[PDB]
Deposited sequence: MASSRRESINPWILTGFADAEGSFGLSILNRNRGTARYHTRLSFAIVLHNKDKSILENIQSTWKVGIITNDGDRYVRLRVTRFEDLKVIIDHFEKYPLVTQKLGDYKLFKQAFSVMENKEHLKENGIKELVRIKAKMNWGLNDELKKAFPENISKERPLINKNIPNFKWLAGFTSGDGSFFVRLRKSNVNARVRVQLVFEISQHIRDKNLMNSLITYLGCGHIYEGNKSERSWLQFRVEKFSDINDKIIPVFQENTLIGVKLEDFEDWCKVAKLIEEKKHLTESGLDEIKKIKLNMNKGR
């Protein structure tokens, strides 16, 4: 059960990709709940165990027949999470949800949430957090601003990038029809972090940003399709900065196809065998 721990910057990078900070204010006088959660497919339960071993907090639960959840609600345990992200701060817009989550923690640590003044402040905090206030709290506390300080941060290091890639990244092989094999690396992200995704082009020395129609599409792609860039830049980066989860296994199969491509790929039966065991198994 007790599995390996992970580098704390890799964990923050995975949290930037897959984490969620929650502030629930329900009328059971109001009940206050703070939470951190990650939901993944069972294939990546090892990641949740890795985080649980590194933080030494959190409950791992099956969220159905297909999914697994790591959830932290115990108040003292949320202090462990604050201390981690204070030393290893998030990079995406989720940092703002973390900061509001931390602000809510100080209201509750000072027991102010038991009185009416604390609830009003917690409602103001929740308004700027994630998807904002629900209809009931919008009516019961109409005083309601969703605006919050802007975030525009740079990639802190490659260890963060490995955890981020383990979450939102993708390694795959294309078989285009004469059949040619092409390696592709892609990270997708909501356009709310376009600057950070643009940051990747010079940070990795390769790649392009693709957006489609910016007026009707809320997410973009950072992609590297040039084999020399995959072979000389992306592979050495993630070989030195270990990925986690099945993304690591997909990367290792990905690199097997890369060695074949640098050795005159065209023969192809072994590449098709590796591809069958990638994002299908």
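For this chain, the deposited residues without C-alpha positions form the stretches 1 to 3, 32 to 36, 152, 187 to 191, 282 to 285, 300, given in sequence order.
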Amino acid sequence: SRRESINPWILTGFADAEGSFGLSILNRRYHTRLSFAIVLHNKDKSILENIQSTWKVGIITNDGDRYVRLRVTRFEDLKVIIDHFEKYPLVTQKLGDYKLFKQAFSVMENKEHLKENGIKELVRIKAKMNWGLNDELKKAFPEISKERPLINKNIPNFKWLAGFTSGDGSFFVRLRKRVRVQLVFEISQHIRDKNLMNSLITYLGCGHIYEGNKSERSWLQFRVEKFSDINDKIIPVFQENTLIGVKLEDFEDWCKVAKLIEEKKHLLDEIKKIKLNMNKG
From here on, numbers count along this sequence of modelled residues.
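Comparing 205 to 213 with 126 to 134, the stretch with the higher mean C-alpha B-factor in the PDB entry is 205 to 213. Relative to its counterpart among 178 to 186 and 102 to 110, 178 to 186 has the higher mean temperature factor, C-alpha atoms as listed in the PDB entry. Residue-level inspection of the entry shows that, of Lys159, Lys139, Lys194, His84, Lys139 has the top Cα B-factor. Taking the deposited Cα B-factors for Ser35, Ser53, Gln221, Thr242, the highest one is held by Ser53.
In the deposited entry, the Cα temperature factor of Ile144 sits in the top third of values across the chain's modelled residues. Annotation for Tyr30: C-alpha temperature factor in the highest third relative to the rest of the modelled chain, per the entry. For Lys115, the recorded CA B-factor ranks within the highest third of the chain. Only modelled residues enter the ranking.
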